[PDB]
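Scroll down for the structure; my scribbles are underneath it.
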Amino acid sequence: XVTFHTXXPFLXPXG
Amino acid sequence: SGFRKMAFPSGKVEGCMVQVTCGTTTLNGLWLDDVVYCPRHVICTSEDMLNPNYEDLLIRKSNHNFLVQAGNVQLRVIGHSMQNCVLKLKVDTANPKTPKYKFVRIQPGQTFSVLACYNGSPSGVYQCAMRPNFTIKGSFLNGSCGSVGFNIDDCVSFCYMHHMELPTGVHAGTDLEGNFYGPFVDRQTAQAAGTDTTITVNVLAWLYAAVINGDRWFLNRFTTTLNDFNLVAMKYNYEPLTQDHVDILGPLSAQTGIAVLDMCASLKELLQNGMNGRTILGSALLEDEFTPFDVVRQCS
């Protein structure tokens with residue numbers, strides 16, 4: 001996936 | 001004398017950086033007049049990102065679902081709308097430090113300065129180039145979403161707002177009208193960065209900068225045609241040099257006296273026989289992240 005650099009990041013679904 | 005990766009001064013933009021929180025999610029926003037601009041995925045949650053419907057999500061949000069802080073001072077959200085991947089939050093106070101500004105979309109190969117911010121506080125400023133595959137090789141950590149890129153013409157040209165990091169360690173974002181540079185999407189799905197190429201006009205501009213600074217070992221006596229140069233360039237995954245690139249190198253050729261095709265010939269040599277362990281401007285690789293304009297600024 002990709003990572004969103006919130007916070008707080010939206011990661012890697014990935015796991 | 002000298003040459004360095006040089007960013008525009010950041011002060012005009014520092015005074016526009018706010019913090020924007022939507023429940024659990026936090027990132028930066030750009031506060032211009034009485035609008036705050038931020039990446040619309042601030043209204044999501046991690047579970048949403050797989051396949052998110054931003055249209056509904058925005059309906060269920062209300063003005064109170066948004067906490068905007070500029071320094072210690074809270075700003076009240078009195079309206080919200082969405083333009084492409086960018087959220088626009090209307091606030092009660094107009095930003096007193098709003099500079100003269102304009103929203104431009106940049107071509108691949110053009111450079112901008114990035115003001116990296118965290119929780120609405122600036123942390124540092126560096127230079128970046130829009131790679132030919134519409135990604136940038138930035139430096140961003142968790143919480144930097146909403147940092148912006150700009151150029152200064154006393155008018156600030158905003159041209160980049162940060163959204164995500166691609167798997168290769170490389171970043172993707174939008175313009176301040178919400179449209180992604182390249183083919184990328186603010187949703188969790190498989191997104192490849194394309195194969196990249198080298199920005200020819202920029203490598204040339206850099207070689208001019210070297211000549212201006214006294215580093216001229218790589219100058220040769222030969223010349224070439226634009227077409228025969230492009231035939232060699234493309235073989236090395238170099239972008240084809242265009243007539244419009246040729247005009248833009250104009251100031252550098254005038255200052256040095258070296259015509260553009262003269263330099264193309266010197267570059268052809270470097271592309272074929274390498275550098276032989278020498279440094280042009282202390283660098284052992286060829287640099288393609290300085291536009292001709294960038295060279296003119298530092299060597300004016």
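By order in the structure tokens, chains are A, B, ...; within a chain, residues start at 1; ligands start at 1, following the order shown.
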
Query raised in the report: Would you list which chain A residues are within 7 Å of chain B using only C-alpha atoms, as number ranges by chain?
Result: A: 1-10

Query raised in the report: If we count only C-alpha atoms, what is near region 57-65 of chain B at a cut-off of 12 Å, once residues fewer than 2 positions away on the same chain are taken out, given as an MDAnalysis selection string?
Result: chainID B and resid 20:25 40:45 48:49 51:55 67:68 75:83 86:92

Could the residues in this selection be saved with N, CA and C atoms as a short mmCIF file (atom, residue, chain, number, x, y, z; two decimals), in the first residue's frame?
data_model
loop_
_atom_site.label_atom_id
_atom_site.label_comp_id
_atom_site.auth_asym_id
_atom_site.auth_seq_id
_atom_site.Cartn_x
_atom_site.Cartn_y
_atom_site.Cartn_z
N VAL B 20 -4.89 21.31 11.80
CA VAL B 20 -6.27 20.92 11.53
C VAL B 20 -6.47 19.51 12.05
N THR B 21 -7.40 19.35 13.00
CA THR B 21 -7.74 18.04 13.54
C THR B 21 -9.20 17.69 13.29
N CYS B 22 -9.44 16.45 12.87
CA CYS B 22 -10.78 15.92 12.63
C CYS B 22 -10.89 14.61 13.41
N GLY B 23 -11.30 14.72 14.68
CA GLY B 23 -11.42 13.58 15.56
C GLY B 23 -10.08 13.07 16.06
N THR B 24 -9.63 12.00 15.44
CA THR B 24 -8.33 11.42 15.74
C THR B 24 -7.24 11.90 14.79
N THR B 25 -7.62 12.18 13.54
CA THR B 25 -6.69 12.52 12.47
C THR B 25 -6.24 13.96 12.56
N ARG B 40 -7.99 16.26 2.03
CA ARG B 40 -9.31 15.80 2.46
C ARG B 40 -9.28 14.46 3.20
N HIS B 41 -8.17 13.71 3.18
CA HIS B 41 -8.22 12.49 3.97
C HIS B 41 -8.16 12.73 5.47
N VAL B 42 -8.08 13.99 5.91
CA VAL B 42 -8.17 14.28 7.34
C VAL B 42 -9.53 13.86 7.89
N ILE B 43 -10.57 13.77 7.05
CA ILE B 43 -11.90 13.39 7.53
C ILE B 43 -12.06 11.88 7.62
N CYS B 44 -11.05 11.12 7.23
CA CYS B 44 -11.14 9.67 7.26
C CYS B 44 -10.61 9.10 8.56
N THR B 45 -10.73 7.79 8.65
CA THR B 45 -10.05 6.98 9.64
C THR B 45 -9.30 5.89 8.90
N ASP B 48 -11.21 3.49 6.92
CA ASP B 48 -11.87 4.01 5.74
C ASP B 48 -11.00 3.92 4.51
N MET B 49 -9.68 4.05 4.70
CA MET B 49 -8.77 4.34 3.60
C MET B 49 -8.78 3.28 2.51
N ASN B 51 -11.28 1.68 0.74
CA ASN B 51 -12.08 2.22 -0.35
C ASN B 51 -12.97 3.22 0.36
N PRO B 52 -12.58 4.50 0.36
CA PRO B 52 -13.34 5.52 1.10
C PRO B 52 -14.29 6.30 0.22
N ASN B 53 -15.50 6.58 0.69
CA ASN B 53 -16.42 7.42 -0.08
C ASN B 53 -16.40 8.80 0.55
N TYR B 54 -15.61 9.70 -0.04
CA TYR B 54 -15.43 11.01 0.57
C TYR B 54 -16.69 11.85 0.51
N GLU B 55 -17.57 11.55 -0.46
CA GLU B 55 -18.79 12.34 -0.61
C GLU B 55 -19.69 12.20 0.60
N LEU B 67 -11.27 21.00 14.25
CA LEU B 67 -10.58 21.85 15.21
C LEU B 67 -9.35 22.45 14.51
N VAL B 68 -9.37 23.76 14.28
CA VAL B 68 -8.28 24.46 13.61
C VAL B 68 -7.57 25.36 14.62
N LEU B 75 -9.30 28.73 15.73
CA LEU B 75 -10.13 29.34 14.69
C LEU B 75 -11.41 28.53 14.54
N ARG B 76 -12.53 29.23 14.36
CA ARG B 76 -13.84 28.59 14.32
C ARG B 76 -14.20 28.27 12.87
N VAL B 77 -14.55 27.01 12.60
CA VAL B 77 -14.96 26.63 11.26
C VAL B 77 -16.44 26.91 11.10
N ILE B 78 -16.78 27.77 10.14
CA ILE B 78 -18.15 28.16 9.84
C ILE B 78 -18.63 27.65 8.49
N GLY B 79 -17.77 26.99 7.71
CA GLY B 79 -18.21 26.29 6.52
C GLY B 79 -17.18 25.29 6.06
N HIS B 80 -17.63 24.31 5.27
CA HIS B 80 -16.72 23.33 4.70
C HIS B 80 -17.21 22.88 3.34
N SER B 81 -16.28 22.78 2.39
CA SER B 81 -16.53 22.22 1.07
C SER B 81 -15.28 21.49 0.60
N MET B 82 -15.42 20.77 -0.51
CA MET B 82 -14.35 19.91 -1.01
C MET B 82 -14.10 20.20 -2.49
N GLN B 83 -12.85 20.43 -2.84
CA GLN B 83 -12.45 20.65 -4.23
C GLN B 83 -11.42 19.60 -4.59
N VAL B 86 -8.74 18.19 -2.13
CA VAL B 86 -8.42 19.22 -1.14
C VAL B 86 -9.71 19.67 -0.45
N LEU B 87 -9.65 19.77 0.88
CA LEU B 87 -10.75 20.28 1.67
C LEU B 87 -10.54 21.76 1.97
N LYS B 88 -11.59 22.55 1.80
CA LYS B 88 -11.57 23.98 2.07
C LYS B 88 -12.46 24.28 3.27
N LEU B 89 -11.86 24.76 4.36
CA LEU B 89 -12.57 25.08 5.59
C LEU B 89 -12.69 26.59 5.73
N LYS B 90 -13.92 27.08 5.75
CA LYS B 90 -14.14 28.51 5.91
C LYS B 90 -14.04 28.86 7.39
N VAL B 91 -13.30 29.91 7.71
CA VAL B 91 -13.16 30.29 9.11
C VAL B 91 -13.60 31.74 9.31
N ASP B 92 -13.77 32.10 10.58
CA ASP B 92 -14.37 33.39 10.92
C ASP B 92 -13.38 34.53 10.72
#

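For the atom pair formed by CA of residue 74 (chain B) and CA of residue 93 (chain B), the distance is 10.1 Å, given to one decimal.
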
Query raised in the report: Quick one: residues within 9 Å of residue 103 (chain B), only C-alpha atoms counted, chain neighbours fewer than 4 positions away excluded, as number ranges by chain?
Result: B: 156-159, 175-177

Can you spit out the residues from that selection as a tab-separated table (two decimals), in the first residue's frame, using N, CA, C and O atoms?
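Listed below is the output, again23.tsv:
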chain	number	residue	atom	x	y	z
B	156	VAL	N	3.69	34.81	-3.74
B	156	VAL	CA	3.97	33.40	-3.48
B	156	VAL	C	3.16	32.53	-4.43
B	156	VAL	O	1.93	32.66	-4.51
B	157	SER	N	3.84	31.62	-5.13
B	157	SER	CA	3.18	30.66	-6.01
B	157	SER	C	3.14	29.31	-5.31
B	157	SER	O	4.11	28.55	-5.36
B	158	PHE	N	2.01	29.00	-4.68
B	158	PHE	CA	1.82	27.65	-4.13
B	158	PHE	C	1.57	26.66	-5.26
B	158	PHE	O	0.77	26.92	-6.16
B	159	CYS	N	2.25	25.52	-5.20
B	159	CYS	CA	2.15	24.55	-6.28
B	159	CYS	C	2.12	23.09	-5.83
B	159	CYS	O	1.93	22.21	-6.68
B	175	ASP	N	-1.96	19.78	-6.38
B	175	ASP	CA	-1.85	21.23	-6.41
B	175	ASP	C	-2.90	21.80	-5.44
B	175	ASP	O	-3.71	21.06	-4.86
B	176	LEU	N	-2.89	23.11	-5.24
B	176	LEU	CA	-3.85	23.68	-4.30
B	176	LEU	C	-5.27	23.72	-4.88
B	176	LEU	O	-6.18	24.27	-4.25
B	177	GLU	N	-5.50	23.16	-6.06
B	177	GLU	CA	-6.84	22.92	-6.56
B	177	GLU	C	-7.27	21.48	-6.37
B	177	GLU	O	-8.32	21.08	-6.88

Query raised in the report: Neighbours of residue 224 (chain B) within 10 Å (only C-alpha atoms; same-chain residues fewer than 5 positions away dropped), as a VMD selection string?
Result: chain B and resid 229 to 230 260 to 266 268

Selection file, C-alpha atoms, as a PDB file, in the first residue's frame:
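As a result, out_11.pdb now contains:
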ATOM      1  CA  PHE B 229      22.035  14.896 -29.035  1.00  0.00           C
ATOM      2  CA  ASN B 230      18.519  13.647 -28.284  1.00  0.00           C
ATOM      3  CA  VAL B 260      23.507  25.497 -25.950  1.00  0.00           C
ATOM      4  CA  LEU B 261      24.645  22.972 -28.560  1.00  0.00           C
ATOM      5  CA  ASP B 262      28.241  23.551 -27.397  1.00  0.00           C
ATOM      6  CA  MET B 263      27.189  22.362 -23.966  1.00  0.00           C
ATOM      7  CA  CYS B 264      25.117  19.487 -25.313  1.00  0.00           C
ATOM      8  CA  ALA B 265      28.359  18.262 -26.924  1.00  0.00           C
ATOM      9  CA  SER B 266      30.263  18.523 -23.627  1.00  0.00           C
ATOM     10  CA  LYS B 268      27.454  13.855 -24.601  1.00  0.00           C
TER      11      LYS B 268
END

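In the backbone-derived DSSP annotation, alpha helix (DSSP H) within region 52-189 of chain B comprises residues 54, 55, 56, 57, 58, 59 and 60 of chain B.
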
Query raised in the report: Rounded to one decimal in Å, what is the spacing between CA of residue 254 (chain B) and CA of residue 199 (chain B)?
Result: 21.4 Å
